[PDB]
């Protein structure tokens, strides 16, 4: 969408949240594919336990990705954009998309995996655009701020 929406507000999206899992690297196709597979395996196990995966709302902006409980609108994760190293869609499953965020708590890389019926590609592009705008602001401040 426009700069202004990402820059001045946020873009909301609905998704299902398969979870997050620790990875060894901040990027890479293999890394994310191994994570998505791990979390698909876990989800399948959980479904055999009678569990649904949770629905979440994502708010994407130049400041980050907020993961909300969609009914309460209560923030469950705030992934500051400058701690997100990589975002990708899954070339062999349209609905899957992911990002890698370096954890506040632990120094570990966490890959967050999600499912969107219609918007996976669009969501991934939106986070890419956020990266682009935030980096341009960063350069224009001569490397400073937050």
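Residue numbers count along the first chain shown, from 1.
Look at the C-alpha B-factors of 2 to 10 and of 136 to 144. On average they run higher in 2 to 10. Between 63 to 71 and 95 to 103, it is 63 to 71 that carries the larger average Cα temperature factor according to the deposited entry.
Listed residues 43, 33, 118, 109 were ranked by CA B-factor as deposited; 118 comes out on top.
Annotation for residue 78: C-alpha temperature factor in the highest third relative to the rest of the modelled chain, per the entry.
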